[PDB]
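Below is one structure; the comments refer to it alone.
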Amino acid sequence: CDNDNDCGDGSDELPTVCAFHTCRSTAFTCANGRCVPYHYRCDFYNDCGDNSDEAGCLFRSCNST
Amino acid sequence: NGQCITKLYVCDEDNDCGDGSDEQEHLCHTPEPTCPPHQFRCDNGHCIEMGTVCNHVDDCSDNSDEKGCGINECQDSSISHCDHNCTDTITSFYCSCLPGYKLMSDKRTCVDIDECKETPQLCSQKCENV
Ligand SMILES: *[C@@H]1O[C@H](CO)[C@@H](O)[C@H](O)[C@H]1NC(C)=O
Ligand SMILES: *[C@@H]1O[C@H](CO)[C@@H](O)[C@H](O)[C@H]1NC(C)=O
Ligand SMILES: *[C@@H]1O[C@H](CO)[C@H](O)[C@H](O)[C@H]1NC(C)=O
Ligand SMILES: *[C@@H]1O[C@H](CO)[C@H](O)[C@H](O)[C@H]1NC(C)=O
Ligand SMILES: *[C@@H]1O[C@H](CO)[C@H](O)[C@H](O)[C@H]1NC(C)=O
Ligand SMILES: [Ca+2]
Ligand SMILES: [Ca+2]
Ligand SMILES: [Ca+2]
Ligand SMILES: [Ca+2]
Ligand SMILES: [Ca+2]
């Protein structure tokens with residue numbers, strides 16, 4: 001249930017298998033039903049599909065000290 | 001050479017021991033560790049056969065092996081907002097500044113080296129930064 005059509009014609013991601021799926025609770029949860037570790041969120045990479053992992057964060061990225 | 005020096009002297013860029021045992025590179029510095037050249041290293045201290053890095057299966061404890069394989073970051077200005085030059089890699093990418101410039105912790109910004117302050121021995125009389 002990674003939201004990818006691995007099994008040829010999309011047969012692995014069908015609703016009757018994935019419908020009640022959840023992922024390890026420490027990981028981030030994404031709008032399209034895909035999970036990436038929480039640190040992946042907002043690192044300029046759209047690791048989750050579309051852009052909901054990056055969307056909304058302020059990209060403060062330098063050593064303020 | 002048969003000499004005793006205080007422990008603070010052992011690595012301070014001074015040949016206190018005349019044989020130059022003091023200041024030996026193997027003593028004062030550690031090379032970045034690697035693994036067989038036929039292999040690959042993820043962010044964590046792990047080394048895997050290189051073919052595995054893009055096999056769609058997470059190998060590293062941090063799952064960072066598979067993350068980079070699909071993106072040519074230099075062609076994607078959003079991720080690669082580099083100041084001078086960018087180069088792709090099967091995992092992630094690297095960014096580099098032109099000669100005379102240095103890179104900053106965001107690993108994308110470039111800044112101008114004050115060569116006079118950083119290396120005053122460059123000019124025998126006076127130095128001016130540009
Ligand atoms: C800033 O850099 C110093 C080393 O130059 C490092 O010790 C420190 O942890 C860094 N701080 C942050 C917030 O990144
Ligand atoms: C690096 O970037 C500079 C400035 O854009 C450019 O003049 C130079 O040709 C580039 N070098 C390479 C190897 O891409
Ligand atoms: C997935 O999360 C749900 C909560 O919505 C339940 O905890 C369920 O037991 C979980 N199943 C697993 C182990 O993924
Ligand atoms: C060698 O490198 C490691 C990190 O890989 C540590 O920074 C360590 O302190 C280094 N040792 C010396 C003697 O510089
Ligand atoms: C990387 O480190 C290993 C272990 O020390 C071997 O020395 C190998 O030869 C090194 N390879 C490189 C690239 O220096
Ligand atoms: Ca799938
Ligand atoms: Ca991300
Ligand atoms: Ca010394
Ligand atoms: Ca892998
Ligand atoms: Ca890449």
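Quick note on naming: the chains in the structure tokens go A, B, ... in the order shown, residues restart at 1 in each chain, and ligands are numbered from 1 in order of appearance.
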
Up to 10 Å from chain B, what residues of chain A turn up? Count only C-alpha atoms and give them as a ChimeraX atom specification.
-> /A:6,36-37,39-40,43-47,60-63

Residues just named, written with N, CA, C and O atoms as a compact mmCIF listing (two decimals), in the first residue's frame:
```txt
# COMPACT_ATOMS: atom_id res chain seq x y z
N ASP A 6 2.74 -1.21 -8.52
CA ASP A 6 3.82 -2.20 -8.60
C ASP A 6 3.38 -3.47 -9.32
O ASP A 6 4.13 -4.09 -10.07
N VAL A 36 5.78 8.35 4.72
CA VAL A 36 7.22 8.61 4.68
C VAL A 36 7.64 8.94 6.11
O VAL A 36 6.81 9.47 6.86
N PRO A 37 8.86 8.65 6.55
CA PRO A 37 9.24 9.03 7.92
C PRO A 37 9.05 10.53 8.13
O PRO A 37 9.33 11.35 7.25
N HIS A 39 10.69 12.98 9.43
CA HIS A 39 11.70 13.97 9.05
C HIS A 39 11.65 14.26 7.55
O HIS A 39 12.03 15.36 7.13
N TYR A 40 11.19 13.31 6.72
CA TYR A 40 11.08 13.58 5.29
C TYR A 40 10.19 14.78 5.01
O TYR A 40 10.39 15.48 4.01
N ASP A 43 11.33 18.91 3.19
CA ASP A 43 12.77 18.89 2.94
C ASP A 43 13.03 19.15 1.46
O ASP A 43 14.05 18.71 0.91
N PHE A 44 12.11 19.86 0.81
CA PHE A 44 12.14 20.23 -0.60
C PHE A 44 11.89 19.06 -1.54
O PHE A 44 11.87 19.27 -2.76
N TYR A 45 12.03 17.83 -1.05
CA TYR A 45 11.66 16.67 -1.85
C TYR A 45 10.18 16.39 -1.67
O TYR A 45 9.69 16.37 -0.53
N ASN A 46 9.47 16.14 -2.76
CA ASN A 46 8.08 15.73 -2.64
C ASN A 46 8.21 14.21 -2.59
O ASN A 46 8.12 13.52 -3.60
N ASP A 47 8.43 13.68 -1.38
CA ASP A 47 8.60 12.24 -1.25
C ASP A 47 7.24 11.57 -1.33
O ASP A 47 7.08 10.53 -1.99
N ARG A 60 12.94 27.53 6.46
CA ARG A 60 14.10 28.02 7.20
C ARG A 60 15.14 26.90 7.16
O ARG A 60 14.90 25.81 7.70
N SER A 61 16.29 27.15 6.53
CA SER A 61 17.26 26.08 6.32
C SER A 61 18.71 26.46 6.60
O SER A 61 19.61 25.85 6.03
N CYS A 62 19.00 27.43 7.46
CA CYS A 62 20.39 27.78 7.70
C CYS A 62 20.68 27.84 9.20
O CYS A 62 19.78 28.01 10.03
N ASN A 63 21.97 27.71 9.51
CA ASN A 63 22.44 27.67 10.88
C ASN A 63 22.37 29.08 11.46
O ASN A 63 23.29 29.89 11.28
```

Mind running chain B against ligand 4 at 9 Å and telling me each contacting residue's nearest atom pair with the distance in Å (one decimal), counting only C-alpha atoms and all ligand atoms, chain and number ascending, as CSV?
```
residue,atom,partner,partner_atom_place_in_ligand_line,distance
B:25,CA,ligand 4,13 (C),8.7
B:26,CA,ligand 4,13 (C),7.7
B:27,CA,ligand 4,13 (C),6.1
B:28,CA,ligand 4,13 (C),4.7
B:29,CA,ligand 4,14 (O),3.8
B:30,CA,ligand 4,1 (C),3.7
B:31,CA,ligand 4,1 (C),6.4
B:32,CA,ligand 4,5 (O),5.4
B:33,CA,ligand 4,5 (O),6.7
```

Atom 13 (C, counted along the ligand's line) of ligand 3 to CA of residue 25 in chain A: how many Å, to one decimal?
->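 About the pair atom 13 (C, counted along the ligand's line) of ligand 3 and CA of residue 25 in chain A: they are 9.1 Å apart.
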
With only C-alpha atoms and all ligand atoms counted, collect every polymer residue having an atom within 9 Å of ligand 10; state the result as a list in words.
-> residues 67, 68, 69, 70, 71, 72, 73, 74, 87, 88, 89, 90, 91, 92, 93 and 94 of chain B

Show me which residues sit within 10 Å of ligand 6 when counting only C-alpha atoms and all ligand atoms, and put them as a list in words.
->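 Residues satisfying the distance criterion: residues 1, 2, 3, 4, 5, 6, 7, 8, 10, 11, 12, 13, 14, 18 and 34 of chain A.
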
May I have the residues within 9 Å of ligand 2, computed using only C-alpha atoms and all ligand atoms, as a ChimeraX atom specification?
-> /B:83-87,96-98

One decimal, Å: what's the distance from CA of residue 1 in chain B over to CA of residue 23 in chain B, could you say?
-> 13.7 Å

Looking only at the backbone, which of the residues in chain A does DSSP tag as strand (DSSP E or B), as a PyMOL selection string?
-> chain A and resi 28-30+34-36

Please write the residues from the selection above to a file, keeping N, CA and C atoms, as a PDB file, in the first residue's frame.
```pdb
ATOM      1  N   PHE A  28       5.063  10.109   9.077  1.00  0.00           N
ATOM      2  CA  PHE A  28       4.118  11.091   8.567  1.00  0.00           C
ATOM      3  C   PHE A  28       3.041  10.396   7.736  1.00  0.00           C
ATOM      4  N   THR A  29       1.865  11.015   7.677  1.00  0.00           N
ATOM      5  CA  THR A  29       0.725  10.496   6.932  1.00  0.00           C
ATOM      6  C   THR A  29       0.376  11.518   5.861  1.00  0.00           C
ATOM      7  N   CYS A  30       0.117  11.057   4.633  1.00  0.00           N
ATOM      8  CA  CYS A  30      -0.064  11.970   3.514  1.00  0.00           C
ATOM      9  C   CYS A  30      -1.444  11.816   2.879  1.00  0.00           C
ATOM     10  N   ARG A  34      -0.170   7.652   1.566  1.00  0.00           N
ATOM     11  CA  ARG A  34       1.220   7.247   1.441  1.00  0.00           C
ATOM     12  C   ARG A  34       1.946   7.733   2.691  1.00  0.00           C
ATOM     13  N   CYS A  35       2.934   6.950   3.139  1.00  0.00           N
ATOM     14  CA  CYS A  35       3.659   7.270   4.362  1.00  0.00           C
ATOM     15  C   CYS A  35       5.167   7.314   4.148  1.00  0.00           C
ATOM     16  N   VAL A  36       5.783   8.346   4.718  1.00  0.00           N
ATOM     17  CA  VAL A  36       7.222   8.610   4.679  1.00  0.00           C
ATOM     18  C   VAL A  36       7.637   8.943   6.108  1.00  0.00           C
TER      19      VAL A  36
END
```

Within 9 Å of ligand 3: each chain A residue with its shortest pair, only C-alpha atoms and all ligand atoms, as a Markdown table:
```
| residue | atom | partner | partner_atom_place_in_ligand_line | distance |
| --- | --- | --- | --- | --- |
| A:20 | CA | ligand 3 | 1 (C) | 7.3 |
| A:21 | CA | ligand 3 | 14 (O) | 5.9 |
| A:22 | CA | ligand 3 | 1 (C) | 3.8 |
| A:23 | CA | ligand 3 | 14 (O) | 5.1 |
| A:24 | CA | ligand 3 | 14 (O) | 6.5 |
| A:25 | CA | ligand 3 | 2 (O) | 7.4 |
```

Could I get the residue neighbourhood of ligand 5 at 6 Å, counting only C-alpha atoms and all ligand atoms, as a ChimeraX atom specification?
-> /B:33-36

Please dump the current selection as a PDB file, in the first residue's frame; keep C-alpha atoms.
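As a result, again-v4.pdb now contains:
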```
ATOM      1  CA  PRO B  33      35.809   5.960   6.592  1.00  0.00           C
ATOM      2  CA  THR B  34      34.475   4.175   3.438  1.00  0.00           C
ATOM      3  CA  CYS B  35      33.828   0.576   2.211  1.00  0.00           C
ATOM      4  CA  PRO B  36      34.755  -1.612  -0.870  1.00  0.00           C
TER       5      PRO B  36
END
```

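Residues of protein or nucleic acid lying within 10 Å of ligand 8, counting only C-alpha atoms and all ligand atoms, are residues 5, 6, 7, 8, 9, 10, 11, 12, 13, 14, 15, 16, 17, 18, 20, 21, 22, 23 and 24 of chain B.
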